[PDB]
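Worksheet: one structure, shown below.
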Amino acid sequence: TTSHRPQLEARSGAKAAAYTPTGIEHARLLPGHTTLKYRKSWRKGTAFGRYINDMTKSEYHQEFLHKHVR
Amino acid sequence: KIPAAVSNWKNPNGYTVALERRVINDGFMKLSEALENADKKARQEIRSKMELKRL
Amino acid sequence: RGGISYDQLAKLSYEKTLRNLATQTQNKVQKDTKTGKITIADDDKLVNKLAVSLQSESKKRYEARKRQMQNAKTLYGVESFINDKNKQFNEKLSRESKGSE
Amino acid sequence: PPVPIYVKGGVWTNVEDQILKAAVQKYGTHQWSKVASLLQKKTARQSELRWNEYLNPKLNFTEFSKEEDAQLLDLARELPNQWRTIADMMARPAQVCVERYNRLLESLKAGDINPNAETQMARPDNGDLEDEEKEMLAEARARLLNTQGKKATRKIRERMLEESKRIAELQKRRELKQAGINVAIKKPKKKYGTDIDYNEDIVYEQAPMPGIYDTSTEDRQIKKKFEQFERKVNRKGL
Amino acid sequence: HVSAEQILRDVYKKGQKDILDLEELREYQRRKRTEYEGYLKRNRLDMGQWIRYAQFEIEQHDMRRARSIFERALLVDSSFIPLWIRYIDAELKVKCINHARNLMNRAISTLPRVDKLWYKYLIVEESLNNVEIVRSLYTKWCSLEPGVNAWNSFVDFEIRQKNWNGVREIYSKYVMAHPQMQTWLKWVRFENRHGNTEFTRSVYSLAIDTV
Amino acid sequence: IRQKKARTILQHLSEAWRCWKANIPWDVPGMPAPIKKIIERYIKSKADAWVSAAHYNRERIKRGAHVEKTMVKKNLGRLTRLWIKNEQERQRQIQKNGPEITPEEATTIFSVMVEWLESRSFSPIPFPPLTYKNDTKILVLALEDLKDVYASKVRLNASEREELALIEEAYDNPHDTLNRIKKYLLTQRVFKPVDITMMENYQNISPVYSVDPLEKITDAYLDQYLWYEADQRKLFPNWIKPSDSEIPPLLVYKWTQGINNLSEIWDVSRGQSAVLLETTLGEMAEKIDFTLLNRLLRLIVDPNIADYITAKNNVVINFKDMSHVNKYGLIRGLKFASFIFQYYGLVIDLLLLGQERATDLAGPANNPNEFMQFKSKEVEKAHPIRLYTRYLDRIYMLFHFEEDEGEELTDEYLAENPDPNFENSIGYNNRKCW
RNA sequence: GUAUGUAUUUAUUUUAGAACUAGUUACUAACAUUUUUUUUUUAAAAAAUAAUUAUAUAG
RNA sequence: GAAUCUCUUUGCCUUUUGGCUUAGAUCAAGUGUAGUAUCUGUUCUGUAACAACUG
């Protein structure tokens with residue numbers, strides 16, 4: 001309780017601008033791609049013998065779910 | 001005016017909200033009619049077969 | 001009549017205060033060009049009356065809200081609650097649901 | 001020291017119905033185990049049955065109209081003994097539907113377990129109470145009271161203790177002031193290197209960006225008033 | 001007899017149940033400022049906490065800290081009118097009229113489309129009996145094409161001052177700032193009340209030929 | 001809005017998402033219209049991403065990719081919601097659009113079943129008498145499989161202790177609890193909720209229906225009585241498998257042996273051919289209409305037993321906070337569900353075979369036949385259907401032809417379905433194992 | 001049992017009441033070690049069977 | 001017409017529910033001794049005046 005907040009702001013980038021920086025070198029800021037490119041009978045005995053834009057209401061979801069529930 | 005939100009899952013301040021607030025087609029009939037007719041038809045046919053048996 | 005806007009409540013408050021000022025009345029400029037500052041010569045009285053007017057008006061509104069709190073705290077005829085803040089929340093729900101439908 | 005109740009299906013009394021109602025108001029519909037923990041001798045499923053079958057105010061307990069009653073005979077003809085579907089078609093509880101169907105077509109021993117106990121009428125109570133029901137309502141009021149966590153309750157306790165600690169700290173200073181030895185008040189210590197004391201400076205002082213009018217004499221009048229107030233608190237003491 | 005409402009009445013009734021020198025004052029002040037600055041370092045928003053902390057520094061008779069707190073309160077949220085009104089009143093009640101004049105200037109020049117701020121500055125200059133300032137304030141306030149509340153306020157001001165010659169100048173600009181017949185008819189009714197037959201006749205003619 | 005209201009507006013977004021997950025419709029009574037439209041829009045957005053992520057993670061679980069334990073629990077919890085939402089919408093569309101069973105079909109199905117049970121001269125399974133002679137031993141056998149679950153564990157949650165207490169009571173006073181079962185089989189028609197949970201198998205997901213322990217004893221007794229009496233009256237013929245006689249490897253051994261022992265089956269000297277077809281009968285349980293089930297099942301049992309059986313299905317189905325009334329499907333988790341399953345399979349077996357070959361494969365009721373035997377060799381050769389068997393969903397049929405019969409049959413098929421471009425070989429499925 | 005937090009100033013900064021009485025409930029506590037198989041009668045009758053245990057548990 | 005005090009509806013709501021996921025999940029049958037909580041019962045109910053001094 002009361003440690004569970006909906007964030008209702010954000011950390012302003014201006015708030016950390018007057019800080020004095022440190023100078024640790026990061027593994028993802030080493031030189032890489034230094035160059036820039038440029039553009040220029042027997043059948044008779046039987047009694048019976050003769051995209052909708054919603055994902056859950058589709059046929060893909062129904063074939064998935066009819067496969068995985070057995 | 002947007003009404004105040006009462007949820008039935010969460011109650012963070014733990015209030016006691018008012019209990020009043022938190023909480024055919026014809027094919028059926030036609031099917032059952034045909035099954036009752038089938039019952040009476042089968043009984044009539046078996047009584048006719050019984051009488052032709054006793055002959 | 002319903003809800004009133006801010007541009008209208010502003011004028012009604014202005015007119016009530018001028019009406020008060022007329023019944024209360026019933027009962028230069030010097031520019032220093034060295035700095036640019038304006039000294040307006042106002043009397044000591046009518047400043048004291050303005051200050052005492054604002055103080056007395058704020059005390060009057062304060063005591064009215066204080067008495068409204070006790071008279072809304074006596075009446076238990078709303079709904080069942082478990083603390084002092086649930087009672088206010090349930091009265092808010094009654095006020096919205098009676099007005100809506 | 002209570003012997004274990006393994007089978008908890010009983011007869012719903014008045015006490016358990018009322019504790020279930022005042023538990024559903026606070027805990028809500030979908031937490032049933034937390035409701036049924038509040039009232040012993042019943043189960044979370046049987047609390048769910050007692051709500052959805054009988055105690056719910058949305059449910060329709062009236063006499064049947066003539067169109068309703070003919071609708072019941074016709075639906076019981078079409079759908080053979082499917083009483084949940086029929087009761088869904090009538091917006092009425094299924095037990096009401098079954099008993100009224102028996103009343104249409106008409107025109108328990110002791111030591112038995114009643115399966116239909118959640119759908120049946122309550123039993124009012126003897127005049128004083130039983131002892132276990134006194135205990136039940138006591139623990140039910142105790143569990144319906146609390147709306148706090150562990151951290152917040154400890155915060156209440158810590159604020160009261162720091163308050164009384166300050167009072168004792170001023171008491172000893174007033175005694176030594178009577179004795180004639182003036183121990184100044186020690187300050188709380190900083191938890192980090194740039195923790196801010198709030199009497200040394202106006203901490204993020206913003207000046208009001210002056211305009212065209214002149215504020216020298218009003219500055220002097222305020223400074224006079226504040227200096228006189230500080231002297232009066234020093235001599236007389238507020 | 002036992003019901004759920006009687007249970008909850010029982011639960012509700014259950015749960016319902018010296019500064020002598022300056023150093024004790026400084027300790028009270030340091031503790032309270034740690035409190036308020038903590039709850040404002042955590043939540044930068046919530047203007048009500050800013051107004052309470054500013055009122056606290058008013059109760060300590062320290063006006064400079066209250067001014068700094070109100071300014072820091074305006075830097076978070078300038079759109080909030082009750083903060084502007086408290087800071088103007090907190091200047092006025094301690095009888096610092098020039099500080100509030102600078103403040104009401106900065107308010108009406110920051111938010112010119114807000115009606116309550118101009119009317120606040122007009123109340124304050126009426127209460128001090130400065131009629132030239134109220135005429136100049138309504139002149140600028142009418143200059144920005146405001147709306148009919150501002151114009152009716154200025155014609156009422158120049159009725160109360162009994163400058164009968166000036167109300168015609170106000171209506172002569174007000175029939176051009178708002179053309180409807182209700183404004184021409186308001187100037188009609190003023191000329192029937194406080195003018196001659198000839199002035200009302202000329203006003204009617206100036207209405208009908210432009211129409 | 002002044003900003004205190006905003007954090008109270010978003011509580012409808014949270015509540016609307018909770019109502020989406022639980023398939024509860026989320027109507028707020030005094031809500032303005034475009035704000036409800038905005039919330040309904042953003043919840044449809046979140047739900048689309050939710051459904052797509054469930055599909056992607058189940059495909060990575062099937063393929064064999066590395067996956068956490070918590071991710072598999074989260075994916076099971078997502079897919080149970082998606083399954084029960086499809087189930088509720090299927091129940092709703094059945095109630096809206098009417099049945100698909102179309103009364104002419106039901107009439108001719110009922111006629112086929114009456115004609116078969118008249119050929120068998122079947123005598124219907126009665127209500128159990130007040131003094132049933134085999135009754136205590138059927139009670140012993142019926143309490144045995146309920147007891148068998150708790151042989152292992154000693155750590156017991158309170159529901160298991162409730163079940164064990166009911167079993168121990170039913171063992172202690174057997175006549176009293178047996179009389180209670182006799183009462184419930186006659187005058188109970190409204191039953192308690194039935195939970196469903198999901199048990200995963202990493203390629204597919206499977207339901208587990210859990211019944212009330214007091215009703216489960218009655219269903220186990222009804223189960224044991226129904227199978228005992230149906231076995232005494234020879235209800236199910238020989239092709240109906242699984243049988244009590246044989247383990248499954250003995251079933252497949254007998255079936256290959258009997259394929260060998262047919263008369264001249266491997267002879268091919270005159271162009272003749274044999275054709276084995278084997279196929280699933282689809283969603284056979286989830287298409288059982290209750291009104292058709294009651295009338296089909298009153299032929300074989302007592303009417304009160306039939307009313308209990310078709311009233312036990314219409315119950316309420318509960319996952320965590322989602323219920324719905326099961327109006328159209330057969331619950332497999334009932335103890336007596338296997339009997340209904342095989343009887344409905346017998347209806348479909350009669351529609352597949354026909355009256356004349358069902359009496360050949362069954363044999364006359366005065367002395368029944370074996371599993372794959374005939375009373376004479378010319379009764380075997382009087383028809384192309386030579387063998388037939390049915391396991392739970394699956395049918396196996398063995399056809400024999402001459403040259404002329406196969407030619408005149410494929411002439412019928414290529415009459416009503418011509419293929420001049422020769423793409424009959426691309427849809428065809430055969431086992432890539434061999 | 002951990003995590004984690006809290007407590008530990010002397011080297012002097014100028015001037016409506018009164019009395020008596022015992023058990024019932026919850027919750028908590030690294031705080032503590034009297035056999036097996038039956039039968040029979042309404043307590044008694046029968047039958048039977050074999051040199052001795054851990055200081056180890058945590059988010 | 002206008003002010004002071006006081007009460008009704010009407011506006012204002014002013015101590016007036018601040019995230020997420022697999023409802024986040026599971027389960028509430030141990031003996032003694034001890035601590036804490038609460039709950040039933042009984043009896044009893046110097047003052048005034050007069051005479052004298054004003055230190």
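Identifiers for the structure tokens are assigned positionally: chains receive A, B, ... in sequence, residues are indexed from 1 per chain, and ligands are indexed from 1 in the order shown.
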
Residues of chain D near chain C: apply a cut-off of 8 Å, count only C-alpha atoms, and supply the list as a ChimeraX atom specification. /D:145,212-214

Name all residues at most 7 Å from segment 23-33 of chain D (count only C-alpha atoms (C1' of nucleotides); drop same-chain ones fewer than 6 positions away) and give them as an MDAnalysis selection string. (chainID B and resid 8:9 14:19) or (chainID D and resid 44 47:48) or (chainID F and resid 321)

9 Å contacts from chain F to chain E using only C-alpha atoms, as a VMD selection string: chain F and resid 2 to 4

Residue list (helix (DSSP H, G or I), DSSP) for chain A, as a PDB file with C-alpha atoms, in the first residue's frame:
```
ATOM      1  CA  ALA A  27      31.135  -0.697 -24.077  1.00  0.00           C
ATOM      2  CA  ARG A  28      28.441   0.482 -26.482  1.00  0.00           C
ATOM      3  CA  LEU A  29      30.080   3.849 -27.184  1.00  0.00           C
ATOM      4  CA  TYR A  60      -6.331 -18.299 -37.413  1.00  0.00           C
ATOM      5  CA  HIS A  61      -7.039 -18.048 -33.676  1.00  0.00           C
ATOM      6  CA  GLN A  62      -9.713 -20.733 -33.966  1.00  0.00           C
ATOM      7  CA  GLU A  63      -7.431 -23.158 -35.815  1.00  0.00           C
ATOM      8  CA  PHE A  64      -4.666 -22.464 -33.265  1.00  0.00           C
ATOM      9  CA  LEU A  65      -6.997 -23.029 -30.346  1.00  0.00           C
ATOM     10  CA  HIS A  66      -8.659 -26.087 -31.894  1.00  0.00           C
ATOM     11  CA  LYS A  67      -5.178 -27.528 -32.333  1.00  0.00           C
ATOM     12  CA  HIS A  68      -3.808 -26.864 -28.871  1.00  0.00           C
TER      13      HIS A  68
END
```

Show which residues sit within 9 Å of residue 184 of chain E, as a PyMOL selection string. Count only C-alpha atoms (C1' of nucleotides), and ignore same-chain residues fewer than 3 positions away. chain E and resi 171+174-175+179-181+187-189+203-204+207

Find the residues of chain A that sit at most 12 Å from chain E; for each, write down the nearest two atoms and how far apart they are in Å, to one decimal. Count only C-alpha atoms. Sort by chain, then by number going up, and give it as JSON lines.
```
{"residue": "A:5", "atom": "CA", "partner": "E:43", "partner_atom": "CA", "distance": 11.3}
{"residue": "A:7", "atom": "CA", "partner": "E:43", "partner_atom": "CA", "distance": 10.4}
{"residue": "A:8", "atom": "CA", "partner": "E:45", "partner_atom": "CA", "distance": 9.4}
{"residue": "A:9", "atom": "CA", "partner": "E:45", "partner_atom": "CA", "distance": 8.8}
{"residue": "A:10", "atom": "CA", "partner": "E:44", "partner_atom": "CA", "distance": 10.9}
{"residue": "A:11", "atom": "CA", "partner": "E:44", "partner_atom": "CA", "distance": 10.9}
{"residue": "A:12", "atom": "CA", "partner": "E:44", "partner_atom": "CA", "distance": 11.5}
```

Restricted to C-alpha atoms, what would the selected residues look like written as an mmCIF file, in the first residue's frame?
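part35.cif was written with the following content:
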```cif
data_model
loop_
_atom_site.group_PDB
_atom_site.id
_atom_site.type_symbol
_atom_site.label_atom_id
_atom_site.label_comp_id
_atom_site.auth_asym_id
_atom_site.auth_seq_id
_atom_site.Cartn_x
_atom_site.Cartn_y
_atom_site.Cartn_z
ATOM 1 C CA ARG A 5 2.137 4.849 -7.824
ATOM 2 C CA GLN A 7 3.760 7.799 -12.278
ATOM 3 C CA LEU A 8 1.682 10.968 -13.174
ATOM 4 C CA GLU A 9 4.803 12.906 -14.375
ATOM 5 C CA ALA A 10 8.187 11.823 -15.740
ATOM 6 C CA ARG A 11 11.794 12.528 -14.875
ATOM 7 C CA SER A 12 12.542 15.744 -16.716
#
```

Using only C-alpha atoms, I'd like every residue of chain D that has an atom within 10 Å of chain F; please write them out as a PyMOL selection string. chain D and resi 5-8+29-31+43+45-46+48-49+78-85+88+94-95+98+112-113+115-116

Only residues of chain F matter here; which ones have an atom within 6 Å of chain B, counting only C-alpha atoms? Give them as a PyMOL selection string. chain F and resi 98+103+107

Those selected residues, please, written with C-alpha atoms and delivered as a tab-separated table (two decimals), in the first residue's frame.
```tsv
chain	number	residue	atom	x	y	z
F	98	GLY	CA	-30.44	-22.11	-32.86
F	103	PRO	CA	-35.02	-31.85	-37.05
F	107	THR	CA	-35.86	-37.94	-36.81
```

Taking only residues of chain H that have an atom at most 8 Å from an atom of chain D, what is each one's shortest atom pair and its distance in Å to one decimal, using only C-alpha atoms (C1' of nucleotides), in chain and number order, as CSV?
```
residue,atom,partner,partner_atom,distance
H:23,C1',D:30,CA,7.3
H:28,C1',D:37,CA,7.9
H:29,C1',D:4,CA,5.8
```

Keeping only N, CA and C atoms (P, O5', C5', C4', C3', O3' and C1' of nucleotides), write the selected residues to a file as a PDB file, in the first residue's frame.
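And here's selection-v4.pdb as it stands now:
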```pdb
ATOM      1  P     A H  23      -4.343 -14.049 -14.793  1.00  0.00           P
ATOM      2  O5'   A H  23      -5.429 -13.893 -13.645  1.00  0.00           O
ATOM      3  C5'   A H  23      -5.053 -13.395 -12.372  1.00  0.00           C
ATOM      4  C4'   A H  23      -6.154 -12.601 -11.720  1.00  0.00           C
ATOM      5  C3'   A H  23      -5.802 -11.940 -10.395  1.00  0.00           C
ATOM      6  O3'   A H  23      -5.284 -10.638 -10.610  1.00  0.00           O
ATOM      7  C1'   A H  23      -7.913 -13.054 -10.263  1.00  0.00           C
ATOM      8  P     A H  28      -4.131 -25.990   4.363  1.00  0.00           P
ATOM      9  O5'   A H  28      -5.537 -25.252   4.453  1.00  0.00           O
ATOM     10  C5'   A H  28      -6.272 -25.179   5.658  1.00  0.00           C
ATOM     11  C4'   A H  28      -5.791 -24.060   6.546  1.00  0.00           C
ATOM     12  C3'   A H  28      -6.677 -23.703   7.724  1.00  0.00           C
ATOM     13  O3'   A H  28      -6.475 -24.582   8.821  1.00  0.00           O
ATOM     14  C1'   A H  28      -5.801 -21.742   6.670  1.00  0.00           C
ATOM     15  P     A H  29      -7.387 -25.891   9.010  1.00  0.00           P
ATOM     16  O5'   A H  29      -7.060 -26.370  10.486  1.00  0.00           O
ATOM     17  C5'   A H  29      -7.967 -27.225  11.156  1.00  0.00           C
ATOM     18  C4'   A H  29      -7.348 -28.533  11.585  1.00  0.00           C
ATOM     19  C3'   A H  29      -6.147 -28.484  12.504  1.00  0.00           C
ATOM     20  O3'   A H  29      -6.537 -28.141  13.823  1.00  0.00           O
ATOM     21  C1'   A H  29      -5.971 -30.283  10.939  1.00  0.00           C
TER      22        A H  29
END
```

What residues in chain D lie within 10 Å of chain A, counting only C-alpha atoms, written as a list in words?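 Contact residues on the first chain: residues 147, 148, 149, 150, 151 and 152 of chain D.
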
Go ahead and write the selection's residues with N, CA, C and O atoms as a compact mmCIF listing (two decimals), in the first residue's frame.
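This is the output file again-v2.txt:
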```txt
# COMPACT_ATOMS: atom_id res chain seq x y z
N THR D 147 -7.63 -1.18 7.75
CA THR D 147 -7.21 -0.80 6.41
C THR D 147 -5.83 -0.16 6.49
O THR D 147 -5.70 1.04 6.27
N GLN D 148 -4.79 -0.98 6.67
CA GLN D 148 -3.41 -0.51 6.73
C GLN D 148 -2.49 -1.66 6.36
O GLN D 148 -2.90 -2.82 6.38
N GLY D 149 -1.23 -1.36 6.06
CA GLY D 149 -0.24 -2.39 5.86
C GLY D 149 0.68 -2.43 7.06
O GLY D 149 0.44 -1.77 8.07
N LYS D 150 1.74 -3.24 6.94
CA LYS D 150 2.71 -3.32 8.03
C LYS D 150 3.52 -2.04 8.12
O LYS D 150 3.76 -1.52 9.22
N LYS D 151 3.93 -1.51 6.96
CA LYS D 151 4.76 -0.31 6.90
C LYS D 151 4.04 0.89 7.47
O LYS D 151 4.61 1.67 8.23
N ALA D 152 2.75 1.02 7.15
CA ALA D 152 1.98 2.19 7.57
C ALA D 152 1.67 2.17 9.06
O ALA D 152 1.69 3.21 9.74
```
